[PDB]
file coords-v7.cif (mmCIF, C-alpha atoms)
data_structure
#
loop_
_atom_site.group_PDB
_atom_site.id
_atom_site.type_symbol
_atom_site.label_atom_id
_atom_site.label_comp_id
_atom_site.auth_asym_id
_atom_site.auth_seq_id
_atom_site.Cartn_x
_atom_site.Cartn_y
_atom_site.Cartn_z
ATOM 1 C CA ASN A 3 -3.900 2.258 43.010
ATOM 2 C CA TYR A 4 -0.939 4.160 41.657
ATOM 3 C CA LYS A 5 1.003 6.967 43.141
ATOM 4 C CA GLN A 6 3.955 8.945 41.780
ATOM 5 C CA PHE A 7 6.492 10.841 43.887
ATOM 6 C CA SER A 8 9.371 13.175 43.041
ATOM 7 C CA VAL A 9 12.533 12.358 44.999
ATOM 8 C CA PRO J 299 28.632 4.412 12.047
ATOM 9 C CA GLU J 300 28.220 2.404 15.340
ATOM 10 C CA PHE J 301 24.844 3.256 16.960
ATOM 11 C CA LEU J 302 24.160 2.457 20.609
ATOM 12 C CA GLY J 303 20.444 2.048 20.022
ATOM 13 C CA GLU J 304 20.856 -1.328 18.368
ATOM 14 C CA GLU J 305 22.668 -2.664 21.462
ATOM 15 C CA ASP J 306 20.709 -4.394 24.223
ATOM 16 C CA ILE J 307 20.289 -2.538 27.511
ATOM 17 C CA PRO J 308 21.907 -4.618 30.291
ATOM 18 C CA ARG J 309 19.316 -6.372 32.430
ATOM 19 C CA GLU J 310 21.436 -7.406 35.400
ATOM 20 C CA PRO J 311 21.454 -5.449 38.659
ATOM 21 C CA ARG J 312 23.821 -2.470 38.962
ATOM 22 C CA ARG J 313 25.102 -0.368 41.845
ATOM 23 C CA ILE J 314 24.623 3.381 41.468
ATOM 24 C CA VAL J 315 26.120 5.820 43.967
ATOM 25 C CA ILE J 316 24.683 9.328 43.840
ATOM 26 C CA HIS J 317 26.148 12.204 45.836
ATOM 27 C CA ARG J 318 23.481 14.896 46.106
ATOM 28 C CA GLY J 319 24.272 16.608 49.410
ATOM 29 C CA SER J 320 20.991 18.182 50.524
ATOM 30 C CA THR J 321 19.086 18.442 47.259
ATOM 31 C CA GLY J 322 16.578 16.195 45.491
ATOM 32 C CA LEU J 323 17.775 13.116 43.614
ATOM 33 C CA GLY J 324 15.999 14.385 40.516
ATOM 34 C CA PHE J 325 13.759 11.529 39.440
ATOM 35 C CA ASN J 326 10.195 10.257 39.846
ATOM 36 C CA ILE J 327 9.078 6.818 41.026
ATOM 37 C CA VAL J 328 5.881 4.961 40.321
ATOM 38 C CA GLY J 329 4.399 1.723 41.544
ATOM 39 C CA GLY J 330 4.427 0.217 45.056
ATOM 40 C CA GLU J 331 0.990 -1.392 45.141
ATOM 41 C CA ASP J 332 0.889 -5.144 45.827
ATOM 42 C CA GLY J 333 4.632 -5.765 45.673
ATOM 43 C CA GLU J 334 4.625 -4.822 41.996
ATOM 44 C CA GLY J 335 7.838 -2.859 42.531
ATOM 45 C CA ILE J 336 9.170 0.695 42.496
ATOM 46 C CA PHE J 337 10.154 2.037 39.060
ATOM 47 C CA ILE J 338 11.793 5.179 37.687
ATOM 48 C CA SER J 339 9.294 7.007 35.471
ATOM 49 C CA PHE J 340 11.183 10.253 34.821
ATOM 50 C CA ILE J 341 14.706 11.595 35.250
ATOM 51 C CA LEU J 342 15.214 15.337 35.560
ATOM 52 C CA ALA J 343 17.675 16.944 33.159
ATOM 53 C CA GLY J 344 20.623 18.325 35.116
ATOM 54 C CA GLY J 345 19.681 16.662 38.384
ATOM 55 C CA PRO J 346 21.916 14.429 40.497
ATOM 56 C CA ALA J 347 20.403 11.243 39.045
ATOM 57 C CA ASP J 348 20.955 12.529 35.507
ATOM 58 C CA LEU J 349 24.514 13.631 36.257
ATOM 59 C CA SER J 350 25.281 10.045 37.368
ATOM 60 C CA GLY J 351 24.268 8.808 33.929
ATOM 61 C CA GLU J 352 23.634 5.324 35.306
ATOM 62 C CA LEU J 353 19.859 5.350 35.840
ATOM 63 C CA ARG J 354 17.075 5.293 33.299
ATOM 64 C CA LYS J 355 13.300 5.277 32.967
ATOM 65 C CA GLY J 356 12.151 1.695 33.455
ATOM 66 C CA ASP J 357 14.736 0.864 36.111
ATOM 67 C CA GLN J 358 13.344 -0.882 39.167
ATOM 68 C CA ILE J 359 14.785 0.343 42.458
ATOM 69 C CA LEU J 360 15.780 -2.849 44.260
ATOM 70 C CA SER J 361 17.263 -1.131 47.308
ATOM 71 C CA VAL J 362 18.514 2.140 48.756
ATOM 72 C CA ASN J 363 21.461 2.130 51.186
ATOM 73 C CA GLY J 364 20.854 -1.569 51.810
ATOM 74 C CA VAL J 365 17.122 -1.191 52.426
ATOM 75 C CA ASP J 366 15.215 -3.663 50.249
ATOM 76 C CA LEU J 367 12.487 -1.867 48.288
ATOM 77 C CA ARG J 368 11.359 -4.662 45.971
ATOM 78 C CA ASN J 369 8.140 -4.879 47.922
ATOM 79 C CA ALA J 370 7.876 -1.358 49.230
ATOM 80 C CA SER J 371 4.895 0.957 48.972
ATOM 81 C CA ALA J 372 5.330 4.054 46.804
ATOM 82 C CA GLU J 373 5.131 6.410 49.798
ATOM 83 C CA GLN J 374 7.553 4.556 52.020
ATOM 84 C CA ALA J 375 9.885 4.184 49.045
ATOM 85 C CA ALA J 376 9.805 7.963 48.622
ATOM 86 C CA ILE J 377 10.450 8.436 52.337
ATOM 87 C CA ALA J 378 13.415 6.060 52.173
ATOM 88 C CA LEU J 379 14.912 7.866 49.178
ATOM 89 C CA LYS J 380 14.301 11.369 50.538
ATOM 90 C CA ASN J 381 15.878 10.418 53.882
ATOM 91 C CA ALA J 382 18.697 8.307 52.434
ATOM 92 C CA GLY J 383 21.307 10.936 53.293
ATOM 93 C CA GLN J 384 23.829 12.807 51.194
ATOM 94 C CA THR J 385 25.318 9.713 49.637
ATOM 95 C CA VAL J 386 22.674 7.432 48.153
ATOM 96 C CA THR J 387 23.544 3.880 47.093
ATOM 97 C CA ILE J 388 20.948 2.466 44.712
ATOM 98 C CA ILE J 389 20.743 -1.074 43.415
ATOM 99 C CA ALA J 390 18.695 -0.871 40.228
ATOM 100 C CA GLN J 391 17.617 -3.334 37.566
ATOM 101 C CA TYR J 392 16.184 -2.549 34.160
ATOM 102 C CA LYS J 393 12.661 -3.929 33.868
ATOM 103 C CA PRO J 394 11.052 -2.286 30.835
ATOM 104 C CA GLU J 395 8.252 -4.844 30.429
ATOM 105 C CA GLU J 396 6.999 -4.386 33.966
ATOM 106 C CA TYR J 397 7.357 -0.648 33.752
ATOM 107 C CA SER J 398 5.450 -0.397 30.470
ATOM 108 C CA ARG J 399 2.341 -1.452 32.413
ATOM 109 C CA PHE J 400 2.324 2.000 33.989
ATOM 110 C CA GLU J 401 2.774 4.400 31.068
ATOM 111 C CA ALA J 402 0.036 4.796 28.459
ATOM 112 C CA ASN J 403 0.690 3.416 24.967
ATOM 113 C CA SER J 404 4.121 2.130 25.891
ATOM 114 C CA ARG J 405 5.917 -0.942 24.803
ATOM 115 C CA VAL J 406 9.371 -2.518 24.588
ATOM 116 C CA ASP J 407 11.210 -2.900 21.279
ATOM 117 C CA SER J 408 13.758 -5.512 20.190
ATOM 118 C CA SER J 409 16.679 -3.853 21.989
ATOM 119 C CA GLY J 410 14.820 -3.340 25.218
ATOM 120 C CA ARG J 411 14.126 0.382 24.822
ATOM 121 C CA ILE J 412 10.783 1.705 26.034
ATOM 122 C CA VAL J 413 8.834 3.219 23.139
ATOM 123 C CA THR J 414 5.661 5.291 23.434
ATOM 124 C CA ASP J 415 3.340 5.522 20.437
#
call {"tool": "encode", "arguments": {"input": "coords-v7.cif", "output": "structure tokens"}}
result
Amino acid sequence: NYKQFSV
Amino acid sequence: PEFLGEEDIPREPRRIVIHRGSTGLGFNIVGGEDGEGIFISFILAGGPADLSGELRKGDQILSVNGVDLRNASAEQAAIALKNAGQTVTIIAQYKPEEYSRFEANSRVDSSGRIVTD
């Protein structure tokens, strides 16, 4: 689980 | 003196319009597993999102340019935001309790601010 993205 | 910190952070949905041309929005998102939501985890100082001054860590992204993201995956959410165009219309809602699940040693105080011990 989890994921982190820069936008 | 009249300190803001005492005052409750509004919890109703807001419309945020960011004009960023062809640069990044300047914030990070987390979440997007089993419809748990997409949340702002970090806002970059000096970035378009910061310069709006209408988004904060703990905000859930409800939609971008009319595209419902309440149930989105993290990757598709990122794709939607990155491809949203020069003018990005975000509907956000402050959800500090749900967000605090993600960040270690975090919690919500009496005014709704996210505190990390």
call {"tool": "resolve_selection", "arguments": {"input": "coords-v7.cif", "expression": "the PyMOL selection byres ((chain A and resi 9) around 7)", "output": "list in words"}}
result
residues 7 and 8 of chain A; 322, 323, 324, 325, 326, 376, 379 and 380 of chain J
call {"tool": "residues_around", "arguments": {"input": "coords-v7.cif", "residues": "residue 5 (chain A)", "least_positions_apart": "3", "cutoff": "8 Å", "atoms": "all atoms listed in the file", "output": "VMD selection string"}}
result
chain J and resid 328 to 330 372 to 373
call {"tool": "resolve_selection", "arguments": {"input": "coords-v7.cif", "expression": "the PyMOL selection byres ((chain J and resi 405-407) around 12)", "output": "short mmCIF file (atom, residue, chain, number, x, y, z; two decimals) with C-alpha atoms, in the coordinates of the input"}}
result
data_model
loop_
_atom_site.label_atom_id
_atom_site.label_comp_id
_atom_site.auth_asym_id
_atom_site.auth_seq_id
_atom_site.Cartn_x
_atom_site.Cartn_y
_atom_site.Cartn_z
CA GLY J 303 20.44 2.05 20.02
CA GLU J 304 20.86 -1.33 18.37
CA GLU J 305 22.67 -2.66 21.46
CA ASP J 306 20.71 -4.39 24.22
CA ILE J 307 20.29 -2.54 27.51
CA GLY J 356 12.15 1.70 33.46
CA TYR J 392 16.18 -2.55 34.16
CA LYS J 393 12.66 -3.93 33.87
CA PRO J 394 11.05 -2.29 30.84
CA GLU J 395 8.25 -4.84 30.43
CA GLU J 396 7.00 -4.39 33.97
CA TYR J 397 7.36 -0.65 33.75
CA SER J 398 5.45 -0.40 30.47
CA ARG J 399 2.34 -1.45 32.41
CA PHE J 400 2.32 2.00 33.99
CA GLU J 401 2.77 4.40 31.07
CA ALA J 402 0.04 4.80 28.46
CA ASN J 403 0.69 3.42 24.97
CA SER J 404 4.12 2.13 25.89
CA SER J 408 13.76 -5.51 20.19
CA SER J 409 16.68 -3.85 21.99
CA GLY J 410 14.82 -3.34 25.22
CA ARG J 411 14.13 0.38 24.82
CA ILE J 412 10.78 1.70 26.03
CA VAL J 413 8.83 3.22 23.14
CA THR J 414 5.66 5.29 23.43
CA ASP J 415 3.34 5.52 20.44
#
call {"tool": "residues_around", "arguments": {"input": "coords-v7.cif", "residues": "region 382-388 of chain J", "least_positions_apart": "3", "cutoff": "7 Å", "atoms": "only C-alpha atoms", "output": "list in words"}}
result
residues 313, 314, 315, 316, 317, 318, 319, 320, 359, 361, 362, 363, 378 and 379 of chain J
call {"tool": "write_last_selection", "arguments": {"input": "coords-v7.cif", "atoms": "C-alpha atoms", "output": "PDB file, in the frame of the given file"}}
result
ATOM      1  CA  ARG J 313      25.102  -0.368  41.845  1.00  0.00           C
ATOM      2  CA  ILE J 314      24.623   3.381  41.468  1.00  0.00           C
ATOM      3  CA  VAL J 315      26.120   5.820  43.967  1.00  0.00           C
ATOM      4  CA  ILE J 316      24.683   9.328  43.840  1.00  0.00           C
ATOM      5  CA  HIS J 317      26.148  12.204  45.836  1.00  0.00           C
ATOM      6  CA  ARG J 318      23.481  14.896  46.106  1.00  0.00           C
ATOM      7  CA  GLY J 319      24.272  16.608  49.410  1.00  0.00           C
ATOM      8  CA  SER J 320      20.991  18.182  50.524  1.00  0.00           C
ATOM      9  CA  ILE J 359      14.785   0.343  42.458  1.00  0.00           C
ATOM     10  CA  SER J 361      17.263  -1.131  47.308  1.00  0.00           C
ATOM     11  CA  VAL J 362      18.514   2.140  48.756  1.00  0.00           C
ATOM     12  CA  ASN J 363      21.461   2.130  51.186  1.00  0.00           C
ATOM     13  CA  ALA J 378      13.415   6.060  52.173  1.00  0.00           C
ATOM     14  CA  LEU J 379      14.912   7.866  49.178  1.00  0.00           C
TER      15      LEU J 379
END
call {"tool": "atom_distance", "arguments": {"input": "coords-v7.cif", "atom1": "CA of residue 3 (chain A)", "atom2": "CA of residue 366 (chain J)"}}
result
21.3 Å
call {"tool": "atom_distance", "arguments": {"input": "coords-v7.cif", "atom1": "CA of residue 391 (chain J)", "atom2": "CA of residue 312 (chain J)"}}
result
6.4 Å
call {"tool": "resolve_selection", "arguments": {"input": "coords-v7.cif", "expression": "the PyMOL selection byres ((chain J and resi 355) around 8)", "output": "PyMOL selection string"}}
result
chain J and resi 337-341+353-354+356-357
call {"tool": "atom_distance", "arguments": {"input": "coords-v7.cif", "atom1": "CA of residue 299 (chain J)", "atom2": "CA of residue 311 (chain J)"}}
result
29.3 Å
call {"tool": "residues_around", "arguments": {"input": "coords-v7.cif", "residues": "residue 332 (chain J)", "least_positions_apart": "4", "cutoff": "10 Å", "atoms": "all atoms listed in the file", "output": "list in words"}}
result
residues 3 of chain A; 369, 370 and 371 of chain J
call {"tool": "closest_residue", "arguments": {"input": "coords-v7.cif", "among": "J:367, J:375, J:343, J:390", "to": "chain A", "atoms": "all atoms listed in the file"}}
result
J:375
call {"tool": "closest_residue", "arguments": {"input": "coords-v7.cif", "among": "J:345, J:327, J:309, J:300", "to": "chain A", "atoms": "all atoms listed in the file"}}
result
J:327
call {"tool": "closest_residue", "arguments": {"input": "coords-v7.cif", "among": "J:364, J:308, J:351, J:335", "to": "chain A", "atoms": "all atoms listed in the file"}}
result
J:335
call {"tool": "closest_residue", "arguments": {"input": "coords-v7.cif", "among": "J:368, J:348, J:389, J:331", "to": "chain A", "atoms": "only C-alpha atoms"}}
result
J:331
call {"tool": "closest_residue", "arguments": {"input": "coords-v7.cif", "among": "J:333, J:374, J:381, J:347", "to": "residue 6 (chain A)", "atoms": "all atoms listed in the file"}}
result
J:374
